[PDB]
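What follows is a single structure, written as structure tokens, with notes after it.
There are 4 protein chains.
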Amino acid sequence: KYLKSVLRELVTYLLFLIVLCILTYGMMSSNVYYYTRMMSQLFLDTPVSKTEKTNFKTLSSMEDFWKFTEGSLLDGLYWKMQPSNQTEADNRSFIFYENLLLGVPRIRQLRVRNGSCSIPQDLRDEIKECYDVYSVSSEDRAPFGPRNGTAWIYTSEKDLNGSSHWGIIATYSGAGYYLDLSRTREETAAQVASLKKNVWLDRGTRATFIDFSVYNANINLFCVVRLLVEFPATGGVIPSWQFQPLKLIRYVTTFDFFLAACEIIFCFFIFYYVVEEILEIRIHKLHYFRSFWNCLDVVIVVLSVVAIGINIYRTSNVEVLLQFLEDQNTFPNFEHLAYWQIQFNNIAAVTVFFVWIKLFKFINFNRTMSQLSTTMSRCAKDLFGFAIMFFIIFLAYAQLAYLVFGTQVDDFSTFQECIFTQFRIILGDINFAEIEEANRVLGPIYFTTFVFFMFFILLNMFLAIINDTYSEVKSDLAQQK
Amino acid sequence: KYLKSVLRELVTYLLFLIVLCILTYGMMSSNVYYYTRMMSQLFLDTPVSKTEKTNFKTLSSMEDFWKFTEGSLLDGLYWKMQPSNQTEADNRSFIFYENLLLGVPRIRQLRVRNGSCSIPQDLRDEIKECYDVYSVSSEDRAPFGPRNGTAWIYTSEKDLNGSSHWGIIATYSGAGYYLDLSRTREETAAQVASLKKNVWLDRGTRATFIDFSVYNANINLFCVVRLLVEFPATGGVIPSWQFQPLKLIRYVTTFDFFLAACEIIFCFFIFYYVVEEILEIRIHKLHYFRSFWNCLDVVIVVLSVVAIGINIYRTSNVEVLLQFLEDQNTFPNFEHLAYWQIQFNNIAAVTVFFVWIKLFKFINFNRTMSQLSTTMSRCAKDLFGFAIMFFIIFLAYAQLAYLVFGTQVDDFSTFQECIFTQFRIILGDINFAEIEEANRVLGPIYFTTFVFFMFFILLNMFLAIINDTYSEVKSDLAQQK
Amino acid sequence: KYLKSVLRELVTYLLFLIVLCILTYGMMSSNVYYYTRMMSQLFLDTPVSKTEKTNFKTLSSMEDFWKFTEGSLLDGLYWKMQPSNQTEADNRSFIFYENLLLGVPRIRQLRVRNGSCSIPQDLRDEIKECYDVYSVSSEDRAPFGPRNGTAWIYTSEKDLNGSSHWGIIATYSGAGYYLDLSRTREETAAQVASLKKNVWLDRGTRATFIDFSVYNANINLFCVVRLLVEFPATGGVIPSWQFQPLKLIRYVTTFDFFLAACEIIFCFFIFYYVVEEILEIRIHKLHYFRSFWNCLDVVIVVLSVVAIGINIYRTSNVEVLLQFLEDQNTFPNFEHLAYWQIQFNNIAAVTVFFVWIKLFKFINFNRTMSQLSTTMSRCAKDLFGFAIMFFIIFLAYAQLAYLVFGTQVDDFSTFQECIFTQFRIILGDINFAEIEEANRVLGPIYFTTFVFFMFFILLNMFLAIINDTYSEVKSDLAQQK
Amino acid sequence: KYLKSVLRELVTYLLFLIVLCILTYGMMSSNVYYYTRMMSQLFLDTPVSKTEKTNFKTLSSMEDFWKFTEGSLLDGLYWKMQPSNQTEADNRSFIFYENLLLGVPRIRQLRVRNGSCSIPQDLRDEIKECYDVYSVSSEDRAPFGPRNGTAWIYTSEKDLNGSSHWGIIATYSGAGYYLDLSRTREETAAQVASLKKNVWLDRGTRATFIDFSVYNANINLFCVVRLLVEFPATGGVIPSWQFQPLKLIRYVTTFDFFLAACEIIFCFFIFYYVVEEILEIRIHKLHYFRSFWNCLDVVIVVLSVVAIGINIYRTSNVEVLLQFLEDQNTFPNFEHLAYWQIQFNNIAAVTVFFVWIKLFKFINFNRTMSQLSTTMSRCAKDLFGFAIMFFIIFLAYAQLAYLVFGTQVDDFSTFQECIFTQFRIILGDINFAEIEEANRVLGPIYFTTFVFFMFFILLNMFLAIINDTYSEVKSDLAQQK
Ligand SMILES: N[C@@H](CC1CCCCC1)[C@@H](O)CC(=O)O
Ligand SMILES: N[C@@H](CC1CCCCC1)[C@@H](O)CC(=O)O
Ligand SMILES: N[C@@H](CC1CCCCC1)[C@@H](O)CC(=O)O
Ligand SMILES: N[C@@H](CC1CCCCC1)[C@@H](O)CC(=O)O
Ligand SMILES: *[C@@H]1O[C@H](CO)[C@@H](O)[C@H](O)[C@H]1NC(C)=O
Ligand SMILES: *[C@@H]1O[C@H](CO)[C@@H](O)[C@H](O)[C@H]1NC(C)=O
Ligand SMILES: *[C@@H]1O[C@H](CO)[C@@H](O)[C@H](O)[C@H]1NC(C)=O
Ligand SMILES: *[C@@H]1O[C@H](CO)[C@@H](O)[C@H](O)[C@H]1NC(C)=O
Ligand SMILES: [Ca+2]
Ligand SMILES: [Ca+2]
Ligand SMILES: [Ca+2]
Ligand SMILES: [Ca+2]
Ligand SMILES: [Ca+2]
């Protein structure tokens, strides 16, 4: 009867569900974190460069930034090897021990043109210069300083093979200038001095990139490093960093022939429900119409295919075209080739999420629960459209926050970051130490009221409007009895 | 029909709402924070002055305070420029790079007269001296020390152009004495030594101000600095600081002619509803009477006008009268001219808040929500007058806290600060580390009971008295069905 | 009618309530905290004694303890004065500036007798010595070391004028030995060297006290210092400290003649309701019987009288008998004379607490609230006797905690401290960082379950059993309608 | 009547309950913690070895690990004695003062064989070497380096008397190599240099153990030390530590003859209910069937017996066979002999837990509570089987977390650790500082939704489905009235 068509479609998913759980552990090993954490804490937190305590994370002046380069990464990457002996002049070194350095770092940068901003008429004698915020129309393509080599010659975004980048305050694209690093300590050390001497950080500097990347021999894993040091147009500094691990070559002779052969099974397996599912979509137009459970049944397929192509289609031929392209003393473009990885990694996962809530309807046939799932199903039609009312007053304080503290407390800063903090307080966590220090009459009265209302309103609408309906429907499933 | 008069009044507000959202982003840029954070962490947290770790925030002795002045700000403000060359003897320098120093710092101070307090009769031989807490009748106008220059000559509050100030423990007004700083490092460095040598910090010193201010060339922004170092009458020290950014000249040739021309639209736009709304106020006396929604409809106008004048009326002619007044080597009074800014900034924002809850009644016409808004509308008549009962027992622990821990734990300190902590614990956050260390039999028994009752009473009254009414009214809107 | 007898009794309390609110602010000023915080952070957190970072709070070895004495307090108390000149050989100094040192410190100590514990028979050759935990029957009165001066001669508890003390692990009484400090730096510095040389800290040392005290000239306030450094019988060290501020002389010529004259009014005012209230107690035996509101009406009087005598009766004649007793170069006993202050301070406050909940019944006559106070009045008869059921399972985890983590995590430590942590987690706060590090299979499974049940049981019993009754009684006050 | 058989069985448990409460305090004293905390903070947090701040907990490089051994523990264990005199050449020393060192430390280690992993074909010329993750089939038994002494000769797991170990990433068994330490500072110091010189840490090193142990003369307590320093296969380092206190000799002449004589009473007392309880189990098969209260009545016995034997049966003859076995200059195996202690300690406690909830049914006969216990008894039949639905969506985010942040934030790391964090956030505690820094578009949207749903779903199902039933049953016990 049905049970054959019940389990058969289940048996697919029931078997299909284990497939990805393999990929999880399989495509990404569990200790991968302790790869970063090391690789992280090497180049971030640990200047001994002097008694100076300030690490990468804590940084202000530009000259420190110099002392950072030539004082840490310069000693981070370029330095001796395990035996100290046996004369390696071809691969001269890597960091230490179990990780391989490949290529050579690339320093990328932006700048904005002189007098891009007109000082108000009054001060025009008082001070000569102005450099305003970074923007496309404000970007500077003009050649610069003593013009020799690359970093003294502007280049187009498309000229380099690199892409744009997100960043925190201002998004950046292409390069104003760049310098690829030498593979030897000395010359790298030799440039930086010769590099500082010309001072291309003078003013108006905005984006500053440092890009190298490395390989792990042991578990094969392949990781990239982008250090972006922003400069606000107001004179400060914002440090930031991005560490992305990646597996490049898809084939590990041990476990992958199980995985990759199951990989092709996966894209085949969905190809089944690709067409199988559309048949009801084309044949029954309104039968699937107006079902949230069903309206979500498509999304899993929507996303999966996106993942499907981009891995092979985008990134497979990539992997090929780097062989000697990637290995030579020259530095590859590889970053953008991993751009999709992050793009992929999450959207790989996001699907996996929904895959469970698929089973949510199915294999719970048993108790009154199956009915008592309709209970929770009933509520939202009130609340799903209701939550605005709260969320309206919820944005209230949010925007009330920005305008008030936004110039002093950090946590609020933008509006996009300060929307969260008024969550993080509801669960609780506290900058309230320095809220007073911000504005004595306000920070109290904002906070005091907010925790009062929001934490005593969330009570109100939710719980009751939760409570009632269930009491009704559980009594309603009693009033069919 | 109505829909014409419905949308027309809406279209005003519906358009009016976007107007201010412009001002928000427009009148204050988003990165303004990263202006302070730099400008902050320069003069606060970062002595290298010796291996001494203690920054401004962590400070005790008076001689450190000296080592602070001549050791940090002295090197904070007065120091070299980007090229190090090209001979600037007119503007000799600013801090670094992208921020301009203007004027010159001013050190302001208070003191209290000798023997202002009568030691009890017994000890009168034991010790000679007494200086009691700062207060007006206890203030000292008497000339002091070797009398030369300004800071050895008292001045009246009105004599100087400055105003009073809030501060934490004691509010302060005017000046006992003052010294304007030199614009050169050396002479500033030269004074302080000559300044210490006379030791005008001897004892009884209470308020100590340091005031300079600076300008930002790049985005035009104009910021002021008040460092107040209090001295308790018990011998300690309280550091504190105030950083206020400001835009002064109202005209940025780029975006402002959009903003300022929309500014005049704004004050015009309210002028519409200024009179339009009073017509019903004068004609219908009792028709608007007794409506909370309507009773709040006035407040938005009440505040806005306050903001309206004070910006132009108070502060516009200000901006004018500083041109060469502000630029010359002499230091301006500008602080009070920004006093209203903070006064303004918030009260600008507070309105914006209410502007949303205006729409709260209007554009939700749709679901039973519009009715289900009457639900939440029903509750408070019980609770709004009820919340005292809690709040009564709520102050209980509060005042129970002060009398008990108030002499040992900091967090409680005053009553005004300790009213909050018994919130900050309900959401949760913890000094409970050192609560035991305060009083072993109490700190437990206060805390233990409090979290018990308050966190199990807030349950009680709220949720039920929330729950019921909705169950009734939702059934009442069912019992009109 | 009643309103005359209604307000008259009220007018007493209604006026009486303000009386104590004066005492609060009056008997204890608001800035008193910033007295300690200074006076605290001088002798606790701030060795510069070398580059060694370890302060008082962080301490291990005994020799550090030596370097603490002679390296900090030795420089804490004994050191120069404001002018550095004018030859004070009578009062040679105080700390700095605004606080007076009086008397001279006293070092007090305990020790336990040799071989107080019998090592098991096997090891008896392996190692010679044993010293067990401190206890009365294990206490050592035997004279000790080279016997000269005080600290080499035992003394009885009663011989010294001092009392016992609480402390954390073991309570202590009297003295094994003691040394009063010199008033001069040098000799104090001279002893300690001569003191170390004899090494009376050898082993078995348990309690170590350091006691001096100081006076504040300015606001008159009088503070005492007890530093107890425990030694566990296992070789460690436990630092601890006690700072008690006090006002001694009851008369400040300015504000006290208002306060003290109102003080005598207070003890008179209660003397009114002392007898006035007993009349109904004697005449009506069962009329007051079985009323919680009334059953609490006595407690306020119970405690107040306790406070009444002990201030004058215990501590007034004290204040007198210290005049030249307290001032002379010899050190007074004053500590115990302040013992009652803390004993008093709280029990002064605890009353004040209840004084509000007195008004709780009275001046709320108005809304249905007065009836709706009976609502909350109804609940507890279920819950007040119920809370055991939870509290039973609540102790469960508590004692489950001790036996499990108690030997590794600090936070649990005793049972008396670990009863709190399972609150502090419910509100939330976290050692959960090192819970895993303690026991990997447990710390999770304890924690995981606990937050599950306890935080999902507190839901259960409370809210519903809260909700229902009110829904009933509010409907019951509706069913009298 | 019943009351005789009611109390008699009670009187057993009612008396039995106190028995174990003795064991708690008795078998483990309260200050035992302050034994560890000292003994802990000696060898963990406190290098002065140079100005280098990095302690054991904060560690990266291998050479630091060397500087750790020879720089801390080398000075931790081996160093002078109280008198500095009286010539102890037999027991040469212990740490300090009140703790005895016995035996001598043992360094244990693992390694993995060369070329255990085949580098992909392409790079095979690029780099020569590979060492993959530790596993049994990947373990290396091959002899190593210059082969002399123990640590240059492999040994089997069974050859040594030691057992395997848990550890965090990889579990370890037996030894690749080992070296017992000398009892003298010098020779221990002498080896390490000679030890480093051979460099047996070269690469592929995984597990590194250091094992010594010590005795406490004073309270008799006997503690063991295992320091495991893991090496990831990716080049990092993971420090970790295990401190286990233990009492070995069961007889303390003072209090134990009360305890141990009550110990034999205990195992006798259960032997009563061992058989007494089985009689109803054999005679009534279905009468006990299907009672949760009764279904739990067996577990207490199930576990207790497990504890019963293993203490005497496993560990008693152990204690005997160490007398001169344990004392001699040679180092004993004692660790595994304490392996059961931890195994025992918890499972000793876990029983004690359930012992209370035994009384939960009994001595509450009194109020409607006894009936109102059936109320809470009613709920779970809905919820106990329900909690999956939540817990399903609960794992959702959990696994959604791993795949997303798992490569950057530490807190998530494995799946087994990241299941907790989504609790620790619900109660609240925050890495949300660096969540943004991980993935800007995700970390918000994960977090934002999660706190929304999970914290607004836990509301939903729980409270109502809690509320209703009680309202029904309390009305149902009213509808039997
Ligand atoms: N077999 C997978 C584990 C899960 C799949 C879902 C059903 C339960 C078992 C697999 O992920 C196991 C692993 O990767 O180690
Ligand atoms: N136009 C404003 C954005 C909001 C206004 C309210 C309606 C939705 C859109 C403006 O603030 C946009 C900006 O300042 O960038
Ligand atoms: N008059 C007191 C303030 C309170 C008393 C209670 C009624 C309201 C006013 C007094 O404490 C004021 C003061 O001490 O400053
Ligand atoms: N006699 C035990 C105390 C408890 C037992 C249970 C009933 C209440 C009293 C014993 O643990 C006391 C002690 O160990 O100090
Ligand atoms: C170009 O290279 C020469 C080589 O010495 C160097 O001196 C010069 O600085 C470079 N470019 C400029 C603009 O100086
Ligand atoms: C006044 O100026 C002179 C100039 O040298 C200086 O010496 C003196 O200290 C100043 N005033 C006093 C009171 O000393
Ligand atoms: C007693 O005083 C003398 C004075 O020099 C001192 O040497 C001695 O140490 C003191 N007591 C003992 C036991 O040494
Ligand atoms: C064996 O012992 C000798 C003794 O000096 C030492 O030199 C040698 O290093 C040891 N083993 C090896 C492999 O070197
Ligand atoms: Ca909560
Ligand atoms: Ca919380
Ligand atoms: Ca916290
Ligand atoms: Ca809640
Ligand atoms: Ca209900």
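Protein chains in written order, with the entry's author numbering: chain A, 215 to 695; chain D, 215 to 695; chain C, 215 to 695; chain B, 215 to 695.
Every residue, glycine too, gets a C-beta built ideally from N, C-alpha and C.
| query | result |
| --- | --- |
| Using a Cβ-Cβ cut-off of 8 Å, state whether residue 253 of chain A counts as contacting chain D. | no |
| Spell out a yes or no on whether the segment 399-413 of chain D and the segment 370-380 of chain D are touching, meaning 3 or more CB-CB pairs, one atom from each, closer than 8 Å. | no |
| Which residue wins for smallest C-alpha separation from residue 517 of chain B, given the options B/347, B/475 and B/561? | B/561 |
| Going by C-alpha to C-alpha distance, which of D/436, D/622 and D/413 sits closest to residue 277 of chain D? | D/413 |
| How long is the line joining the alpha carbons of residue 312 of chain B and residue 458 of chain A, rounded to whole angstroms? | 52 Å |
| How long is the line joining the alpha carbons of residue 556 of chain C and residue 442 of chain C, rounded to whole angstroms? | 17 Å |
| Less than 8 Å separating the beta-carbons of residue 353 of chain C and residue 326 of chain C? | yes |
| Does the beta-carbon of residue 641 of chain B, which I'm using as the reference point, lie nearer than 7 Å to any heavy atom of ligand 3? | no |
| What number of angstroms, rounded off, separates the C-alpha of residue 470 of chain B from the C-alpha of residue 464 of chain B? | 8 Å |
| Can you list the residues of chain A that residue 621 of chain B reaches, using a CB-CB cut of under 9 Å? | 242, 246, 247, 249, 250, 457, 458, 459 and 559 |
| Quick check: the segment 574-594 of chain B against the segment 539-555 of chain A, are there 3 or more CB pairs under 8 Å? | no |
| Going straight from the alpha carbon of residue 393 of chain B to that of residue 322 of chain B, what length do you get? | 7 Å |
| Quick one: grab the DSSP three-state call for residue 321 of chain B. | strand |
| Quick check on the burial criterion: 16 or more other C-beta atoms within 10 angstroms. Buried or exposed for residue 467 of chain A? | exposed |
| Find the residues of chain C that neighbour residue 327 of chain D, judging by a C-beta separation of less than 9 Å, and give them in chain order. | Neighbours of residue 327 of chain D on chain C: none; closest Cβ ~13 Å, over 9 Å. |
| Assuming residue 249 of chain B and residue 435 of chain B are in contact, meaning their beta carbons sit under 8 Å apart, how far apart are those beta carbons, in whole angstroms? | 6 Å |
| Taking only the alpha-carbon atoms, compute the straight-line gap between residue 608 of chain A and residue 221 of chain D and give it to the nearest angstrom. | 25 Å |
| Beta strand (DSSP E) containing residue 391 of chain A: first to last residue? | 391-394 |
| Counting only Cβ-Cβ distances shorter than 9 Å, please list the residues of the segment 668-692 of chain D near chain C, keeping chain order. | 669, 670, 671, 673, 674, 675, 677, 678, 679, 681, 682 and 685 |
| Please return the same chain residues whose Cβ sits closer than 6 Å to the Cβ of residue 396 of chain B, not counting the five positions on each side in sequence. | 402 |
| Quick check: is any heavy atom of ligand 2 less than 7 Å from the C-beta of residue 235 of chain D? | yes |
| By the 8 Å beta-carbon criterion, what residues does the segment 296-325 of chain B contribute toward chain A? | none |
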